[PDB]
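For reference, the structure discussed in these notes is given below.
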Amino acid sequence: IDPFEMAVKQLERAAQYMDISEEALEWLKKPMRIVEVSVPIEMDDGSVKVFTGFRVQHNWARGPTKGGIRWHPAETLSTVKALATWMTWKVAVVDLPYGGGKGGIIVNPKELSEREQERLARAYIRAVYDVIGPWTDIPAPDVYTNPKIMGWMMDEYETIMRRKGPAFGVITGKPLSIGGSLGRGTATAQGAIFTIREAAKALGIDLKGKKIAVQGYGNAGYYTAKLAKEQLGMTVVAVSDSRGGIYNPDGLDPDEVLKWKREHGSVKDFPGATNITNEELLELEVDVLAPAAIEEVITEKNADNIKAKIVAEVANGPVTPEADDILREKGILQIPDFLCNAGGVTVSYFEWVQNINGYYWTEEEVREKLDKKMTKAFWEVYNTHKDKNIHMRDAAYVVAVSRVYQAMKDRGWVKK
Ligand SMILES: NC(=O)c1ccc[n+]([C@@H]2O[C@H](COP(=O)([O-])OP(=O)(O)OC[C@H]3O[C@@H](n4cnc5c(N)ncnc54)[C@H](OP(=O)(O)O)[C@@H]3O)[C@@H](O)[C@H]2O)c1
């Protein structure tokens, strides 16, 4: 419906700037496999309740599909399909041997007990086994899911398969004790920091002690701020929660800010920092801007007021296309959404490789591989930007669609 057609429109707009056949557009619009199943679980009161689960594999030309699992009561088939379609290009931009996947269950996990959550995960695996697997489809943790549900799902898959193949490789995000990989928690933030550093290098800006402003102080935002201040040595000047933001021109320490937020429930009234609104934080005179909160954070109203030279949107599509055009005409380099949060999927791919090979890498090795892959992806996007004279979002979309088209043409799926 709405999200699926929005993704289709985005794909059309992307193809407007590159040469691919019409049959390729039609093949890419329709996801290859849609699996809608009924997931029954014996509730704690003794009754049996059935939920609706969706597994959407949009494409697998480049390799086994990869996709997160969402447990949200508002989840719909169109949303899962659109997210799988986006995940296709998310894994394509990084140049991974992955296709686009997505999973979801129509359920609210707030009132589900731990036994009920375990039963839900195991029954979902029992229902979707026939269309998943280490070489076929790799589920991942996503919103309202944590590595414990991943452990339960992996255990169920291993039990059903009778331990014939690499069970640990069927899914990602598993705990470090069982098939885990290092750097998973800070994966998205680490990729974002690498992209920020690379954009600064491309623009000729050294980031020694300069201004970075993060709008949104969740796990991803806190990790991004801490990693920036540590590796890049930049001056974190503003962080905001769902309530308000705190600004200090001298700098901030993300550790103490997170401690204060945990203790008081918010970052409001932080010592040495003036309380400011989210819109004021978005319009600060900084060099790097990273929105880590609710999407559509920047619109036409405030796009013209943005002065940060580098905008790394870690959030999923937090900037409207009109605001994208406004930032483009303002001389602002804006890192696309799936070119920023791609660190999570890159480290998930690393975890999958570790699971298959039976060899687990150290923190430094995972960091090095993530750096290489993410820098190469961003540099390819920036080169296409400077070549085709098209937006960063447009360049990343063109690269991803070109890779998918080449994979499909090599497989013989499309003759032209
Ligand atoms: N490709 C992938 O594998 C993939 C895809 C999607 C998501 N993910 C990751 O997996 C996670 C799943 O999403 P999620 O929605 O479960 O995470 P989440 O809700 O974003 O985690 C914390 C969020 O809740 C808000 N928050 C923080 N402290 C709070 C408090 N005391 N009271 C109320 N709200 C508070 C924060 O908003 P403010 O920042 O505004 O304070 C923050 O954005 C995300 O964190 C994301 O990084 C991965």
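Residues in the structure tokens are named by chain (A, B, ... in the order shown) and by number from 1 within that chain; ligands are numbered from 1 in the order shown.
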Q) Can I get the residues close to ligand 1 as a VMD selection string, where close means within 9 Å and we count only C-alpha atoms and all ligand atoms? A) chain A and resid 67 to 70 87 90 140 to 146 173 185 to 189 215 to 222 239 to 244 261 to 262 264 to 267 291 to 294 314 to 316 338 341 to 345 348
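Once residue 159 of chain A and its same-chain neighbours fewer than 6 positions away are set aside, residues 122, 126, 153 and 167 of chain A remain within 10 Å of it when counting only C-alpha atoms.
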Output file for the residues above (C-alpha atoms, as a PDB file, in the first residue's frame):
```pdb
ATOM      1  CA  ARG A 122      10.447 -20.765  18.225  1.00  0.00           C
ATOM      2  CA  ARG A 126       8.995 -23.492  12.886  1.00  0.00           C
ATOM      3  CA  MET A 153      15.396 -18.516  17.100  1.00  0.00           C
ATOM      4  CA  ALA A 167      23.237 -23.407  12.422  1.00  0.00           C
TER       5      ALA A 167
END
```
Q) Out of segment 226-350 of chain A, which residues get strand (DSSP E) from DSSP, as a list in words? A)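 Written out, the strand (DSSP E) residues of segment 226-350 of chain A are residues 235, 236, 237, 238, 239, 240, 245, 246, 247, 274, 275, 276, 288, 289, 290, 291, 310, 311, 312, 333, 334 and 335 of chain A.
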For the selection you just gave me, I'd like the residues written to a file as a PDB file, in the first residue's frame, keeping N, CA, C and O atoms.
```
ATOM      1  N   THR A 235      34.630  17.698  19.067  1.00  0.00           N
ATOM      2  CA  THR A 235      33.966  18.305  20.215  1.00  0.00           C
ATOM      3  C   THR A 235      32.463  18.085  20.078  1.00  0.00           C
ATOM      4  O   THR A 235      31.812  18.712  19.235  1.00  0.00           O
ATOM      5  N   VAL A 236      31.915  17.192  20.901  1.00  0.00           N
ATOM      6  CA  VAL A 236      30.473  16.956  20.940  1.00  0.00           C
ATOM      7  C   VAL A 236      29.851  18.158  21.645  1.00  0.00           C
ATOM      8  O   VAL A 236      30.158  18.437  22.805  1.00  0.00           O
ATOM      9  N   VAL A 237      28.972  18.876  20.947  1.00  0.00           N
ATOM     10  CA  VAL A 237      28.448  20.127  21.481  1.00  0.00           C
ATOM     11  C   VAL A 237      26.967  20.069  21.836  1.00  0.00           C
ATOM     12  O   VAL A 237      26.488  20.941  22.575  1.00  0.00           O
ATOM     13  N   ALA A 238      26.229  19.078  21.342  1.00  0.00           N
ATOM     14  CA  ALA A 238      24.798  19.031  21.596  1.00  0.00           C
ATOM     15  C   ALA A 238      24.272  17.615  21.419  1.00  0.00           C
ATOM     16  O   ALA A 238      24.602  16.928  20.448  1.00  0.00           O
ATOM     17  N   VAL A 239      23.445  17.191  22.375  1.00  0.00           N
ATOM     18  CA  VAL A 239      22.715  15.931  22.314  1.00  0.00           C
ATOM     19  C   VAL A 239      21.304  16.177  22.835  1.00  0.00           C
ATOM     20  O   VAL A 239      21.083  16.970  23.751  1.00  0.00           O
ATOM     21  N   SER A 240      20.339  15.487  22.229  1.00  0.00           N
ATOM     22  CA  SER A 240      18.939  15.687  22.576  1.00  0.00           C
ATOM     23  C   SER A 240      18.256  14.341  22.770  1.00  0.00           C
ATOM     24  O   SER A 240      18.551  13.373  22.066  1.00  0.00           O
ATOM     25  N   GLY A 245      16.998  19.052  24.409  1.00  0.00           N
ATOM     26  CA  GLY A 245      18.400  18.977  24.069  1.00  0.00           C
ATOM     27  C   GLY A 245      19.249  19.852  24.978  1.00  0.00           C
ATOM     28  O   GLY A 245      18.766  20.805  25.597  1.00  0.00           O
ATOM     29  N   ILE A 246      20.539  19.521  25.038  1.00  0.00           N
ATOM     30  CA  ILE A 246      21.494  20.240  25.867  1.00  0.00           C
ATOM     31  C   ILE A 246      22.677  20.665  25.008  1.00  0.00           C
ATOM     32  O   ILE A 246      23.223  19.881  24.230  1.00  0.00           O
ATOM     33  N   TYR A 247      23.068  21.929  25.158  1.00  0.00           N
ATOM     34  CA  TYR A 247      24.136  22.496  24.346  1.00  0.00           C
ATOM     35  C   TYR A 247      25.218  23.070  25.248  1.00  0.00           C
ATOM     36  O   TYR A 247      24.925  23.649  26.296  1.00  0.00           O
ATOM     37  N   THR A 274      23.103  24.522  28.361  1.00  0.00           N
ATOM     38  CA  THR A 274      21.828  25.217  28.235  1.00  0.00           C
ATOM     39  C   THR A 274      20.807  24.293  27.585  1.00  0.00           C
ATOM     40  O   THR A 274      21.150  23.507  26.692  1.00  0.00           O
ATOM     41  N   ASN A 275      19.557  24.382  28.033  1.00  0.00           N
ATOM     42  CA  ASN A 275      18.483  23.583  27.455  1.00  0.00           C
ATOM     43  C   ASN A 275      17.968  24.257  26.188  1.00  0.00           C
ATOM     44  O   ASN A 275      17.590  25.433  26.208  1.00  0.00           O
ATOM     45  N   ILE A 276      17.955  23.510  25.087  1.00  0.00           N
ATOM     46  CA  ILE A 276      17.507  24.001  23.794  1.00  0.00           C
ATOM     47  C   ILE A 276      16.551  22.980  23.185  1.00  0.00           C
ATOM     48  O   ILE A 276      16.520  21.810  23.572  1.00  0.00           O
ATOM     49  N   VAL A 288      29.587  18.774  11.700  1.00  0.00           N
ATOM     50  CA  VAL A 288      28.942  17.489  11.451  1.00  0.00           C
ATOM     51  C   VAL A 288      27.604  17.465  12.173  1.00  0.00           C
ATOM     52  O   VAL A 288      27.520  17.834  13.348  1.00  0.00           O
ATOM     53  N   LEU A 289      26.556  17.059  11.459  1.00  0.00           N
ATOM     54  CA  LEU A 289      25.216  16.921  12.013  1.00  0.00           C
ATOM     55  C   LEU A 289      24.738  15.492  11.795  1.00  0.00           C
ATOM     56  O   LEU A 289      24.787  14.983  10.670  1.00  0.00           O
ATOM     57  N   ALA A 290      24.275  14.846  12.867  1.00  0.00           N
ATOM     58  CA  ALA A 290      23.818  13.457  12.819  1.00  0.00           C
ATOM     59  C   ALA A 290      22.470  13.333  13.516  1.00  0.00           C
ATOM     60  O   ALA A 290      22.394  13.361  14.753  1.00  0.00           O
ATOM     61  N   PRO A 291      21.377  13.200  12.766  1.00  0.00           N
ATOM     62  CA  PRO A 291      20.071  12.984  13.398  1.00  0.00           C
ATOM     63  C   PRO A 291      19.823  11.522  13.742  1.00  0.00           C
ATOM     64  O   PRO A 291      19.717  10.675  12.851  1.00  0.00           O
ATOM     65  N   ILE A 310      28.636  18.734   6.921  1.00  0.00           N
ATOM     66  CA  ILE A 310      28.465  17.293   6.784  1.00  0.00           C
ATOM     67  C   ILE A 310      27.224  16.879   7.558  1.00  0.00           C
ATOM     68  O   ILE A 310      27.113  17.154   8.759  1.00  0.00           O
ATOM     69  N   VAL A 311      26.294  16.221   6.873  1.00  0.00           N
ATOM     70  CA  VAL A 311      25.072  15.708   7.483  1.00  0.00           C
ATOM     71  C   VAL A 311      25.060  14.200   7.279  1.00  0.00           C
ATOM     72  O   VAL A 311      24.807  13.715   6.171  1.00  0.00           O
ATOM     73  N   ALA A 312      25.333  13.455   8.347  1.00  0.00           N
ATOM     74  CA  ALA A 312      25.329  11.994   8.300  1.00  0.00           C
ATOM     75  C   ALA A 312      24.052  11.506   8.969  1.00  0.00           C
ATOM     76  O   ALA A 312      23.976  11.406  10.195  1.00  0.00           O
ATOM     77  N   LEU A 333      27.208  18.487   2.061  1.00  0.00           N
ATOM     78  CA  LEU A 333      27.389  17.067   1.773  1.00  0.00           C
ATOM     79  C   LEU A 333      26.573  16.263   2.775  1.00  0.00           C
ATOM     80  O   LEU A 333      26.837  16.307   3.981  1.00  0.00           O
ATOM     81  N   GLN A 334      25.583  15.527   2.282  1.00  0.00           N
ATOM     82  CA  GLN A 334      24.658  14.799   3.138  1.00  0.00           C
ATOM     83  C   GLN A 334      24.777  13.301   2.895  1.00  0.00           C
ATOM     84  O   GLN A 334      24.430  12.812   1.818  1.00  0.00           O
ATOM     85  N   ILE A 335      25.247  12.577   3.905  1.00  0.00           N
ATOM     86  CA  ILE A 335      25.399  11.127   3.812  1.00  0.00           C
ATOM     87  C   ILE A 335      24.017  10.482   3.834  1.00  0.00           C
ATOM     88  O   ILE A 335      23.216  10.771   4.732  1.00  0.00           O
TER      89      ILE A 335
END
```
Excluding residue 28 of chain A and its own-chain neighbours fewer than 3 positions away, which residues fall within 8 Å of it when counting only C-alpha atoms? Please give them as a CSV table (one decimal) with N, CA, C and O atoms, in the first residue's frame.
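And here is the file that came out, out_34.csv:
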```csv
chain,number,residue,atom,x,y,z
A,24,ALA,N,13.9,-4.9,-15.8
A,24,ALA,CA,14.6,-4.9,-14.6
A,24,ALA,C,13.8,-4.1,-13.5
A,24,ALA,O,13.7,-4.5,-12.4
A,25,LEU,N,13.2,-3.0,-13.9
A,25,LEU,CA,12.3,-2.2,-13.0
A,25,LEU,C,11.2,-3.1,-12.5
A,25,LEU,O,10.9,-3.1,-11.3
A,31,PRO,N,8.8,-8.1,-5.0
A,31,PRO,CA,9.7,-9.0,-4.3
A,31,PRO,C,9.5,-10.4,-4.7
A,31,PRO,O,8.4,-10.9,-5.0
A,58,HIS,N,13.0,-9.8,-1.1
A,58,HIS,CA,12.8,-8.9,-2.2
A,58,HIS,C,13.6,-9.4,-3.4
A,58,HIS,O,13.2,-9.3,-4.6
A,59,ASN,N,14.9,-9.9,-3.1
A,59,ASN,CA,15.8,-10.3,-4.2
A,59,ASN,C,16.9,-11.0,-3.6
A,59,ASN,O,17.3,-10.8,-2.4
```
Q. Which residue, A:156, A:95, A:365, A:137, has the smallest gap to residue 339 of chain A when you use only C-alpha atoms?
A.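 The shortest atom-to-atom distance to residue 339 of chain A comes from A:95.
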Q. Could you name the residues that touch segment 109-116 of chain A at 12 Å or less, counting only C-alpha atoms, but leaving out those on the same chain fewer than 4 positions away, as a ChimeraX atom specification?
A. /A:40-49,51,70-74,105,120-123,143-146,148-149,152
Export N, CA, C and O atoms of the chosen residues as an mmCIF file, in the first residue's frame?
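Contents of the output file out28.cif:
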```
data_model
loop_
_atom_site.group_PDB
_atom_site.id
_atom_site.type_symbol
_atom_site.label_atom_id
_atom_site.label_comp_id
_atom_site.auth_asym_id
_atom_site.auth_seq_id
_atom_site.Cartn_x
_atom_site.Cartn_y
_atom_site.Cartn_z
ATOM 1 N N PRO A 40 1.292 -19.955 15.851
ATOM 2 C CA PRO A 40 0.528 -20.247 17.065
ATOM 3 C C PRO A 40 1.440 -20.470 18.259
ATOM 4 O O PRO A 40 2.493 -21.105 18.155
ATOM 5 N N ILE A 41 1.027 -19.936 19.410
ATOM 6 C CA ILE A 41 1.767 -20.109 20.651
ATOM 7 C C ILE A 41 0.789 -20.374 21.787
ATOM 8 O O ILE A 41 -0.280 -19.767 21.880
ATOM 9 N N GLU A 42 1.172 -21.305 22.654
ATOM 10 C CA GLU A 42 0.410 -21.606 23.858
ATOM 11 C C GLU A 42 0.660 -20.505 24.880
ATOM 12 O O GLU A 42 1.759 -20.405 25.436
ATOM 13 N N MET A 43 -0.355 -19.681 25.120
ATOM 14 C CA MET A 43 -0.218 -18.550 26.020
ATOM 15 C C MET A 43 -0.070 -19.028 27.463
ATOM 16 O O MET A 43 -0.329 -20.187 27.793
ATOM 17 N N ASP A 44 0.358 -18.107 28.328
ATOM 18 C CA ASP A 44 0.632 -18.470 29.716
ATOM 19 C C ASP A 44 -0.651 -18.781 30.477
ATOM 20 O O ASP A 44 -0.615 -19.437 31.524
ATOM 21 N N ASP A 45 -1.795 -18.323 29.970
ATOM 22 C CA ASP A 45 -3.068 -18.588 30.630
ATOM 23 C C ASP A 45 -3.637 -19.932 30.192
ATOM 24 O O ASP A 45 -4.707 -20.341 30.653
ATOM 25 N N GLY A 46 -2.927 -20.622 29.301
ATOM 26 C CA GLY A 46 -3.353 -21.903 28.790
ATOM 27 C C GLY A 46 -3.983 -21.866 27.414
ATOM 28 O O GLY A 46 -4.062 -22.909 26.755
ATOM 29 N N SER A 47 -4.430 -20.698 26.960
ATOM 30 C CA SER A 47 -5.014 -20.584 25.633
ATOM 31 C C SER A 47 -3.927 -20.601 24.564
ATOM 32 O O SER A 47 -2.737 -20.450 24.851
ATOM 33 N N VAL A 48 -4.349 -20.795 23.319
ATOM 34 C CA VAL A 48 -3.451 -20.780 22.170
ATOM 35 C C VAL A 48 -3.817 -19.583 21.305
ATOM 36 O O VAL A 48 -4.946 -19.485 20.811
ATOM 37 N N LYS A 49 -2.865 -18.675 21.121
ATOM 38 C CA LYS A 49 -3.076 -17.459 20.347
ATOM 39 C C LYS A 49 -2.242 -17.516 19.077
ATOM 40 O O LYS A 49 -1.096 -17.978 19.101
ATOM 41 N N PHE A 51 -0.689 -15.450 15.746
ATOM 42 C CA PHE A 51 -0.320 -14.172 15.160
ATOM 43 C C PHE A 51 0.002 -14.346 13.679
ATOM 44 O O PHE A 51 0.158 -15.460 13.177
ATOM 45 N N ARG A 70 10.907 -7.607 13.012
ATOM 46 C CA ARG A 70 10.221 -6.607 13.817
ATOM 47 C C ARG A 70 9.021 -7.234 14.512
ATOM 48 O O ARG A 70 8.260 -7.984 13.893
ATOM 49 N N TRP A 71 8.857 -6.927 15.795
ATOM 50 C CA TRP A 71 7.681 -7.332 16.556
ATOM 51 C C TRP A 71 6.928 -6.072 16.962
ATOM 52 O O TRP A 71 7.130 -5.549 18.062
ATOM 53 N N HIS A 72 6.059 -5.585 16.074
ATOM 54 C CA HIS A 72 5.308 -4.368 16.344
ATOM 55 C C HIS A 72 3.845 -4.617 16.034
ATOM 56 O O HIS A 72 3.544 -5.252 15.014
ATOM 57 N N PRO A 73 2.917 -4.148 16.873
ATOM 58 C CA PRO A 73 1.492 -4.382 16.596
ATOM 59 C C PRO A 73 0.995 -3.704 15.333
ATOM 60 O O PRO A 73 -0.034 -4.125 14.790
ATOM 61 N N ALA A 74 1.685 -2.675 14.847
ATOM 62 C CA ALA A 74 1.275 -1.953 13.652
ATOM 63 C C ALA A 74 1.938 -2.473 12.386
ATOM 64 O O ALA A 74 1.753 -1.880 11.318
ATOM 65 N N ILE A 105 6.278 -9.853 12.755
ATOM 66 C CA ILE A 105 5.142 -10.519 13.380
ATOM 67 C C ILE A 105 4.211 -9.445 13.923
ATOM 68 O O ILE A 105 4.663 -8.513 14.599
ATOM 69 N N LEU A 120 7.029 -17.621 20.964
ATOM 70 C CA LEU A 120 6.762 -16.904 19.722
ATOM 71 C C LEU A 120 7.925 -17.031 18.749
ATOM 72 O O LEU A 120 7.718 -17.306 17.563
ATOM 73 N N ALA A 121 9.154 -16.850 19.236
ATOM 74 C CA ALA A 121 10.319 -16.967 18.365
ATOM 75 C C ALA A 121 10.448 -18.379 17.805
ATOM 76 O O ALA A 121 10.676 -18.572 16.601
ATOM 77 N N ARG A 122 10.294 -19.385 18.670
ATOM 78 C CA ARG A 122 10.447 -20.765 18.225
ATOM 79 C C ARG A 122 9.366 -21.149 17.221
ATOM 80 O O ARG A 122 9.650 -21.811 16.218
ATOM 81 N N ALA A 123 8.123 -20.727 17.462
ATOM 82 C CA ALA A 123 7.050 -21.033 16.524
ATOM 83 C C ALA A 123 7.219 -20.277 15.212
ATOM 84 O O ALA A 123 6.886 -20.809 14.147
ATOM 85 N N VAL A 143 13.897 -3.589 15.503
ATOM 86 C CA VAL A 143 13.133 -2.881 16.526
ATOM 87 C C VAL A 143 12.283 -3.871 17.310
ATOM 88 O O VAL A 143 11.679 -4.788 16.740
ATOM 89 N N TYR A 144 12.256 -3.702 18.631
ATOM 90 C CA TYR A 144 11.559 -4.518 19.618
ATOM 91 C C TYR A 144 12.082 -5.953 19.661
ATOM 92 O O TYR A 144 11.386 -6.826 20.181
ATOM 93 N N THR A 145 13.272 -6.230 19.139
ATOM 94 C CA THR A 145 13.906 -7.534 19.261
ATOM 95 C C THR A 145 15.320 -7.370 19.803
ATOM 96 O O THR A 145 16.022 -6.409 19.476
ATOM 97 N N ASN A 146 15.731 -8.319 20.638
ATOM 98 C CA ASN A 146 17.039 -8.263 21.277
ATOM 99 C C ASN A 146 17.747 -9.603 21.097
ATOM 100 O O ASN A 146 17.099 -10.599 20.754
ATOM 101 N N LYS A 148 18.431 -12.003 22.737
ATOM 102 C CA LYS A 148 17.873 -13.180 23.399
ATOM 103 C C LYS A 148 16.857 -13.881 22.501
ATOM 104 O O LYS A 148 16.840 -15.116 22.401
ATOM 105 N N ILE A 149 16.001 -13.103 21.833
ATOM 106 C CA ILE A 149 15.108 -13.683 20.834
ATOM 107 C C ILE A 149 15.911 -14.313 19.705
ATOM 108 O O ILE A 149 15.525 -15.356 19.168
ATOM 109 N N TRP A 152 17.036 -17.674 20.928
ATOM 110 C CA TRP A 152 15.918 -18.613 20.879
ATOM 111 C C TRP A 152 15.649 -19.087 19.453
ATOM 112 O O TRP A 152 15.444 -20.285 19.213
#
```
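Among the candidates A:135, A:194, A:124, A:223, the residue lying nearest to residue 356 of chain A is A:135 (atoms considered: only C-alpha atoms).
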(Q) Run DSSP on the backbone and tell me which residues of segment 200-355 of chain A come out as helix (DSSP H, G or I); list them as a VMD selection string. (A) chain A and resid 200 to 202 219 to 232 254 to 264 278 to 282 300 to 303 321 to 329 342 to 355
Q: Extract, using only C-alpha atoms, all DNA, RNA and protein residues at most 7 Å from segment 198-207 of chain A, discarding same-chain residues fewer than 4 positions from it, and format them as an NGL selection string.
A: :A and (194 or 232 or 234 or 375)
**Q.** Nearest residue to residue 378 of chain A from the set A:403, A:268, A:164, A:393 (distances using only C-alpha atoms)
**A.**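 For residue 378 of chain A, the nearest of the candidates is A:393.
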